[PDB]
Amino acid sequence: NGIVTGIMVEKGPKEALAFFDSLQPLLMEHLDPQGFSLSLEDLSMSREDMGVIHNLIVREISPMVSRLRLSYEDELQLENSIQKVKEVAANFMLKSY
Amino acid sequence: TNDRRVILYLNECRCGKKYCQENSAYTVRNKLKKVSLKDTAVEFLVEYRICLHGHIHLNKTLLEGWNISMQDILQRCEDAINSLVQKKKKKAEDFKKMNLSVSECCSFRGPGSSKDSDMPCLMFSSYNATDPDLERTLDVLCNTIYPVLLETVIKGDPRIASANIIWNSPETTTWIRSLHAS
Amino acid sequence: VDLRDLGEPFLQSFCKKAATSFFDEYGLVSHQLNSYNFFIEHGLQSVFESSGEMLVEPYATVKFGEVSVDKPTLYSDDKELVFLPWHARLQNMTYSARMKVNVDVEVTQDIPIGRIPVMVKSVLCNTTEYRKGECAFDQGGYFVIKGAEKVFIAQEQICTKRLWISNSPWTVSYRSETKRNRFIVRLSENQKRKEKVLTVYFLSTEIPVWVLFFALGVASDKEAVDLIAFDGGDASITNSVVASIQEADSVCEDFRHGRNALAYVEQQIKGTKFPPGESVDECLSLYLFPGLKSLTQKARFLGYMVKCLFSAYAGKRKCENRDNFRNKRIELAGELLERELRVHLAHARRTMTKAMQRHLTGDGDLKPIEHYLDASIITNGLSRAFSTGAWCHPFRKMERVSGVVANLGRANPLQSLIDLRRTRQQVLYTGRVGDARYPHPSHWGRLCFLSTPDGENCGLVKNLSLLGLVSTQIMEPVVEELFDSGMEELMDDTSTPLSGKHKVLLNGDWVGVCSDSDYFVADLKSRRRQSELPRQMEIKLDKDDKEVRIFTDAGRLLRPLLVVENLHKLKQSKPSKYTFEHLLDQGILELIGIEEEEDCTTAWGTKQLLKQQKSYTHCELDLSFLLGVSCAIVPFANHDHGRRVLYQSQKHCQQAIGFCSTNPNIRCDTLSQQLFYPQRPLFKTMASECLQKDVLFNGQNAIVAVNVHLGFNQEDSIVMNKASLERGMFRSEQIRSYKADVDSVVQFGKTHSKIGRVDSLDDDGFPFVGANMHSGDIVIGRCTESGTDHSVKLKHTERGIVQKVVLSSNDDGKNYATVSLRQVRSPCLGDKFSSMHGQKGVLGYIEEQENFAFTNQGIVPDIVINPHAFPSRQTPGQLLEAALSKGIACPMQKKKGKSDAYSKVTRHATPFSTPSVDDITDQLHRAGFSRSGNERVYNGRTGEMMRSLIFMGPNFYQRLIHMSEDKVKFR
Amino acid sequence: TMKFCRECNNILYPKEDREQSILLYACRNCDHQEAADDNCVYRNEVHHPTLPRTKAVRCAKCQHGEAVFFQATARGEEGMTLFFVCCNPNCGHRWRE
DNA sequence: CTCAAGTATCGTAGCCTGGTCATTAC
DNA sequence: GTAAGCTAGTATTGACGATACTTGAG
RNA sequence: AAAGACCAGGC
Ligand SMILES: [Zn+2]
Ligand SMILES: [Zn+2]
Ligand SMILES: [Zn+2]
């Protein structure tokens, strides 16, 4: 985006559009003799990481949720803690290329 | 609901000692928060010994857990009832020579759920109702006086509906402040 | 007896055989046909006799006798011709039967009274007995009204065989049939600071309840508070009863003395608007609690009602919510047709009396009874209500509801199947409802919680589950066979107390007590499992309310379940494929309603849950039978997000192009589409194995790769194969019909000129069969005589070859013509497609075969989709179906080299009992493929080995009815 | 609790006479009086977690660093003090400071 | 002798484009 | 002439804003 | 003609 705004701050009457019109088919023709796909291996978390996810749930999330949900709306600590466990899950799942 | 809400902030560092800002927070919370006589009443027992004498019974434990005594409750009932017989003077002439009394222990103990000793009691009576019948006296003491004596507030201010404490700190950095500090 | 020695695979085989017997015995439309059959056999006579006799006085009395209906016939000549529904479709006629009643008038013959529409495949249909006129794909259950096919949507009402406790003034209410039967007890302040007192709203007259207690015959206040049975304590209850006593004494002066309270309710009833034509004693024997005998029992029932209100007051009882389906009944064709027929029967009688009353004043001069009764009132009213959709309101008089009668769709057989299995909660302003739009846990096993519309009718229209049944009314008396299990009488003294005994209630009416309740219920249930009690009888034991409720009325939702303690009786039997009746008659299966199921521990379908721990009383047949018919057939349907399953099972399967019919020569629909070669899927769910139907699936098995294709499949586009399309994949036929009518002036003719374009027309005004009609031609020539004609022209995009021309006529003198045009389409570059997991898209590029990327055997894809569609839509089941299907169409390479190489093949993917991914990947590994599901491919344009491995496999794809050449418009 | 008339079986109202302290009972349907067994004429029943928790106060017993605090006082000590209690359910111990 | 108020009602509450039907005779 | 037999006669899913009335008391 | 009523696709 910085390169395109450089071209459209100093280059012409249509030069940013000409940049896109030359760039996009080049990128399609680059990717076409390689392919890109996704398999079942990309979607299968391991047994260890799934055990850590279930252990973090049955350790932290479920005894708290039987306390702070009985209180009223101002306790969104639930969302922060489950977001921490979701951060752990995302760090696990971004190992697949 | 949002039109009645107010956010109150606090000062900083009593004598530079640790754990002293939350103490000011509950100091003002304990000054503000409303708890009433019906929050402590359990039973209403009319007695015969002029003739009919009401016994508002209490709970001993929640008086101590909120630091209330009984002379406090006598004062906070008497000022409010004299204001309500002074403010808006019509159909409120039942408090002409009505009587109040207080005791830590009464042990009258009507038929069911006894506490046997130091069940705190706010006795009340009437003297203007010189009635030839008991059945209209029971009507006035159980359908006019006992309603207005339950909604009397004893600790806190009568106008504040709620005053709760929020830690804020929502990593929004003073969501309704603009330039105070870091 | 242990069930472990029976084994798990034996129990799975029995579950499949039992569900197959269910579908053989009942089908999928039994709930429509049973209701219509009950209305014809019983409910018609009940209407015509419950209407009552009448006498016109300016005397002449009339009485209705028995009612007969005969089969639908045609009187075209004076011959009686058999009338079939396809005749009614092609002649634009209504398919109906004649009703006769025999009247008796005195101041006696048989009079025809109307025509009632006939449901196809019912007891009046002439197709009940490869007949001429039938399709093989068809079941009954629809109506042919003015040539068009219509269906009933089932209507949900509240159950009025129980008490309803509100909380807005703290009400408790009794309802019944008659509007003069409503009885309300309210707990409120009719006014300082009054104590809450009890009031009765009977016959639009507020009465204190203590006055009604002493009017019904009670003698003392102590036995009146014995009749209420306070259960002690609760000073609010004592305060309310002494306030109601000393308020009763403040209205009548000594009501307790003889007939003072009864005289009070005389003068309180009689002073109302429109007082009833009765004294109070006959008013009490008529309009107070019908079904009870003595006034003693009515005092006892009033005490029970007040006890229920006081128990709800103290928080020991819950208020009724109308989203729990144990408080609801379902109305189908009999319940709606009875209500509609009562209105027009009253309208017939009303214009009969004011027509007779002139000629009766006018001497006898009385005619035969066929003159004074017009038969077209009933006939026109029923057909108008069918052809407009406006039924009658359930309880408002003179009003009309609108969501009752729908059109039958025939795009594929699955759309017709799911249009016949719907249920509706009608609401006032759509857009402000409570939890009506949501699944409730009392839907389990009886309504599908996954499939529903998404427009305004989201959640308000439901679909029946697969094994779901609607009960019907039991006509035999059942109350006298309750005494044989340990039930005793309700005595008449109002002085004896009944503590410890449980009350029994038959359809809401208190009929007795029972001392031991955990023997009464278990003996009634044992006598039901041996076929001497009716099979649709619901028994509910209620420990907290101390009550036994029994239901035998119509409109309850039932489902079958295994009975565990009778389950050992299979071993000793023979495993020949069963009837459902034989399994019911041995107590292995039971039909169970919503309220009885609250007393049931049901194992979750899985026999491994049942046989690893025996703390259960029942077990499911399969968990996937919790879903409707279009949702139970979806592979891995519990692996996708719920909006996607909703898209597949409510929208996309009704729009797929597949099978249409097996007799298209007599079907003049507006549009009919059909594939050239329809296929079935490779996988096998439990519902598809049990129903044994192929027309549930409409599409092809396409080989799908997940790959980028030069940027041509972005934003949910797909790329297809040119050579696969030329060999006939997704090739479609389409037939459109163009209709016109004349009176029997304008007529059919050649129009004598070329004002439009007339080339293919004959003298009659219709083309020849096999003509090639073009846009701008004249398809039907309606030559108005001596010119100025009104012909029908094809529009700017309407083409085709003439398939047939049909000429029909009516019975009232009207001619019809229909011309059908045939088109053949292969997919073009904006046609719409979708998988079975809610991934819809448009075709964006057609690629040549030799440009596609290929595998080491030469397999090229048929469809290429983009890999950006999977991390964002949450439909992982599409990858698991394709990996399963590839494993079951491949040859097993026989690394073992044994005989049974194809014995252990996994092919089910049933919802809620799917195979695990280790089984799917082991199946792919035994076939010689990588476990991850991808494989090396060579580039088609250059020949180089591509660096990325590509996911490939067969998916069942569907071609939807939204085509690109029909969306082109220009103003 | 109410009591009924002995000979008519109806509700008895208190009709304590003028000249004598008897606290009688009477019937509004018959003529029958009786001195009361009990001297209570009206017994009535009435009545027919929103307190702040800390973030970062460690426990000397456990590893939990959340211990819910409140200002209370004792029966001989005038004036209030802050009391802690550790939030884990197996802990349940209260202490000043 | 009028504000407020405690009801007493009114009336709109998703909206827009498509295609379709079926429209009381008295 | 249809008013929607008379039809109930309050006796069953909506729920808020928005405007309009019968009190006490300075 | 005009409105009702239905269905579909979007927002
Ligand atoms: Zn006392
Ligand atoms: Zn008496
Ligand atoms: Zn900690």
Side-chain angles (χ1 to χ4, degrees), chain B residues 28-108 110 115 118-131 134 136-163, chain C residues 192-193, chain D residues 40-44 46-47 73 75 78-80:
Chain B
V28 61
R29 184 184 184 274
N30 283 289
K31 188 49 169 186
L32 286 158
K33 184 71 199 207
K34 163 188 287 190
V35 288
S36 184
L37 193 44
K38 185 200 306 186
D39 270 305
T40 53
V42 288
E43 53 196 346
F44 167 50
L45 263 57
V46 181
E47 197 254 351
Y48 167 79
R49 265 207 324 275
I50 316 169
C51 292
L52 291 197
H53 312 285
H55 289 236
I56 309 292
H57 270 187
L58 277 293
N59 287 144
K60 194 193 173 63
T61 171
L62 284 185
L63 290 172
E64 317 306 320
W66 295 338
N67 197 345
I68 313 182
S69 292
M70 301 210 64
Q71 183 57 252
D72 297 331
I73 307 172
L74 183 61
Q75 289 185 339
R76 295 269 260 166
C77 272
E78 190 70 29
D79 53 5
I81 195 166
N82 281 116
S83 177
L84 197 144
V85 80
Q86 175 146 252
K87 301 309 283 194
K88 287 181 170 63
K89 280 186 175 295
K90 191 62 180 68
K91 273 80 69 175
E93 279 74 41
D94 42 357
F95 320 122
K96 172 67 168 61
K97 194 65 184 296
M98 82 151 296
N99 310 139
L100 272 81
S101 295
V102 75
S103 165
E104 280 88 356
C105 182
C106 75
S107 292
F108 168 54
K115 198 252 175 179
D118 209 322
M119 184 68 119
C121 173
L122 183 67
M123 286 174 74
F124 61 96
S125 285
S126 179
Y127 191 56
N128 59 89
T130 310
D131 273 29
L134 196 146
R136 282 175 60 184
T137 314
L138 217 53
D139 196 295
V140 62
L141 105 103
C142 299
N143 298 326
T144 60
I145 296 183
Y146 169 70
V148 311
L149 274 185
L150 281 175
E151 63 188 2
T152 298
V153 60
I154 46 174
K155 188 175 82 163
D157 194 294
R159 291 177 301 187
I160 298 312
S162 74
Chain C
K192 53 178 185 71
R193 317 270 65 79
Chain D
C40 178
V41 311
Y42 197 98
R43 168 195 60 81
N44 177 79
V46 314
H47 279 264
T73 192
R75 298 298 96 208
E78 40 186 278
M80 313 279 177

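Residue numbers start from 1 in every chain, and the chains themselves are labelled A, B, ... in the order their sequence lines are given, proteins ahead of strands. When reading the values below, keep in mind they use all heavy atoms of this one structure, side chains included, and skip hydrogens, waters and symmetry mates.
- Side-chain atoms of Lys34(B) come within 3.5 Å of backbone N or O of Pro158(B) as a donor-acceptor pair.
- Atom CZ of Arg75(D) is surrounded by more than 12 heavy atoms from other residues, nucleotides or ligands within 6.0 Å.
- The CZ atom of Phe124(B) lies 9.0 Å from the NE2 atom of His55(B); values are rounded to the nearest 0.5 Å.
- Put simply, NE2 on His47(D) and CG on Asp39(B) are 5.5 Å apart, with the number rounded to the nearest 0.5 Å.
- Expressed to the nearest 0.5 Å, how far OG1 of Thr152(B) lies from CD of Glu78(B) amounts to 10.5 Å.
- The main-chain N or O of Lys97(B) is found under 3.5 Å from a side-chain atom of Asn99(B) such that the two form a donor-acceptor pair.
- In this structure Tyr146(B) satisfies the ring-ring contact (aromatic ring centres under 6.0 Å, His included) test together with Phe44(B), sequence neighbours excluded.
- Side-chain N or O atoms of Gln86(B) include none that pairs as donor or acceptor with a backbone N or O of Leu84(B) at under 3.5 Å.
- Put simply, CG on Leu58(B) and OG on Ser103(B) are 10.5 Å apart, with the number rounded to the nearest 0.5 Å.
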Please evaluate residues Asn82(B) and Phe95(B) with respect to the criterion side-chain contact (heavy atoms from CB on, under 4.5 Å), reporting the C-alpha separation (whole Å), side-chain torsions for both, the decisive distance (0.1 Å), and the verdict. CA-CA 8 Å; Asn82(B) 281 116; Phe95(B) 320 122; over 6 Å; no
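- Applying side-chain contact (heavy atoms from CB on, under 4.5 Å) to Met119(B) and the options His57(B), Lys60(B), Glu104(B) leaves one that passes, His57(B).
- Open room surrounds NZ on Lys87(B); 12 or fewer heavy atoms of other groups in view lie less than 6.0 Å from it.
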Between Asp72(B) and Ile154(B), does a side-chain contact (heavy atoms from CB on, under 4.5 Å) hold up when you go through it step by step? CA-CA 7 Å; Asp72(B) 297 331; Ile154(B) 46 174; over 6 Å; no
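- Residues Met80(D) and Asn67(B) meet the side-chain proximity criterion, which asks for heavy atoms closer than 4.5 Å.
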Between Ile73(B) and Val102(B), is a side-chain contact (heavy atoms from CB on, under 4.5 Å) present by the stated rule, with each step listed? CA-CA 9 Å; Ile73(B) 307 172; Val102(B) 75; 5.9 Å; no
Run the side-chain contact (heavy atoms from CB on, under 4.5 Å) test on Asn59(B) and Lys115(B) for me, step by step, so that the C-alpha distance in whole Å, both residues' side-chain angles and the decisive distance to 0.1 Å come before the verdict. CA-CA 10 Å; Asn59(B) 287 144; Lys115(B) 198 252 175 179; over 6 Å; no
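- When all heavy atoms are compared, the tightest approach of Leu52(B) to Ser125(B) is O-OG, 3.9 Å.
- Atom CE of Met70(B) is separated from atom CG of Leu122(B) by 6.5 Å, given to the nearest 0.5 angstrom.
- With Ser126(B) contributing its side chain and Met98(B) its backbone, the two residues share no donor-acceptor pair below 3.5 Å.
- Other residues, nucleotides and ligands contribute at most 12 non-hydrogen atoms within 6.0 Å of the CD atom of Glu78(D).
- Remark: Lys38(B) NZ is loosely packed, at most 12 non-hydrogen atoms of other residues, nucleotides or ligands lying under 6.0 Å away.
- The CD1 atom of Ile68(B) sits 9.0 Å away from atom CG of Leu62(B), with the distance rounded to the nearest 0.5 Å.
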